[PDB]
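A look at the structure
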Number of protein chains: 2
Amino acid sequence: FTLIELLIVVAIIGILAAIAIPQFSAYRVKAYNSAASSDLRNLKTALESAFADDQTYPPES
Amino acid sequence: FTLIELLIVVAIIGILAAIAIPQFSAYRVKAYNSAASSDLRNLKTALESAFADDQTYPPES
């Protein structure tokens with residue numbers, strides 16, 4: 001509308017364009033880690049189930 | 001739901017994935033042993049029954 005109105009908008013667009021976007025890197029690597037430790041604690045039950053069938057842990061591959 | 005909610009889950013999955021799984025090796029070898037000593041104490045009764053039939057322990061094989 002008025003030149004002064006178009007001077008507040010550009011003064012607010014500048015504000016709302018920098019709101020300290022956080023580093024969402026550590027908060028995701030923790031999920032990838034806790035998939036692998038879960039997966040290992042599960043894998044152990046398969047190994048120690050299979051031993052109590054065969055008196056041996058499985059052959060590799 | 002919220003990023004903080006997905007930060008407690010990964011903080012608990014990490015806990016419940018390490019609960020000091022014990023070594024269930026000695027607690028099974030004892031069973032295998034007590035099968036063999038039972039089996040021997042039984043085998044002795046067959047030998048010393050067979051003697052009191054024949055005046056001799058059996059021939060081998």
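Above this text you will find the structure in question.
Residues numbered from 1 in each chain as written, not as in the entry; some residues may be left out. Chains lettered and ligands numbered in written order. Part of a larger assembly, values for the part shown. Heavy atoms only, no water.

Before going further, it helps to examine the packing of helix α2 (residues 26–54) of chain A against helix α1 (residues 5–13) of chain B. Here α2(A) crosses α1(B) at 30°, and the two axes come no closer than 9 Å. The angle between α2(A) and α1(B) places the two elements in the roughly parallel class. Note that α2(A) runs across α1(B); the crossing there is left-handed. Every residue of α1(B) that contacts α2(A) at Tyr27(A), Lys30(A), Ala31(A), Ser34(A) and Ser38(A) is listed here: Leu7(B), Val10(B) and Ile13(B). Looking at the contact of α2(A) with α1(B) residue by residue, the classes come out as five nonpolar, two polar and one charged. (Axes fitted to C-alpha atoms, helices over the stretch in contact; angles between N-to-C directions. Helix = DSSP H or I, 4+ residues; strand = E, 2+ residues; numbered from the N terminus. Parallel < 35°, antiparallel > 145°, perpendicular 65-115°, else oblique. Left-handed = near helix turned anticlockwise from the far one by under 90°. Contact = heavy atoms within 4.5 Å. Nonpolar A, V, L, I, M, F, W, Y, C, P; charged D, E, K, R; others polar.)

Here we come to the packing of aromatic side chains. All names here are of chain B. Taken as a whole, this structure holds four aromatic pairs over all chains when the rule is applied. When the ring of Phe-24 is compared with that of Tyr-27, the centres are 5.7 Å apart and the planes differ by 55°; the resulting orientation is tilted. We classify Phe-24 as partly exposed; its relative accessible area is 47%. Given the relative accessible area of 60%, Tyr-27 is considered exposed. Look at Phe-51 and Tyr-57: their rings are 4.7 Å apart centre to centre, the planes differ by 45°, and that puts the pair in the tilted class. Note on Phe-51: relative accessible area 29%, which makes it partly exposed. Taking relative accessible area as the criterion, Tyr-57 reaches 42% and is therefore assigned partly exposed. (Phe/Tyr/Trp six-rings, centres within 6.5 Å; stacked < 30°, edge-to-face > 60°. Buried < 20%, exposed > 50% of the residue type's maximum accessible area, 1.4 Å probe, protein only.)

Across the boundary between the two partners, chain A contributes twelve residues, which contact eleven residues of chain B. In total, about 1100 Å² of surface goes out of reach between chain A and chain B, with carbon and sulfur atoms giving 65% of it. Considering only the surface of chain A that becomes buried against chain B, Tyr27(A), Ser34(A) and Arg41(A) emerge as the three largest contributors, covering 41% of it. Counting the contacts that link chain A with chain B gives zero salt bridges. At the boundary of chain A and chain B, one finds two residue pairs in polar contact. Taken together, the residues of the side of chain A that touches chain B sort by class into five nonpolar, four polar and three charged. (Buried area = accessible area lost by both parts, 1.4 Å probe. Salt bridge = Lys/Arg side-chain N within 4 Å of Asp/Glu carboxyl O. Polar contact = N/O pair within 3.5 Å; in protein donor to acceptor, adjacent residues only side chain to side chain.)

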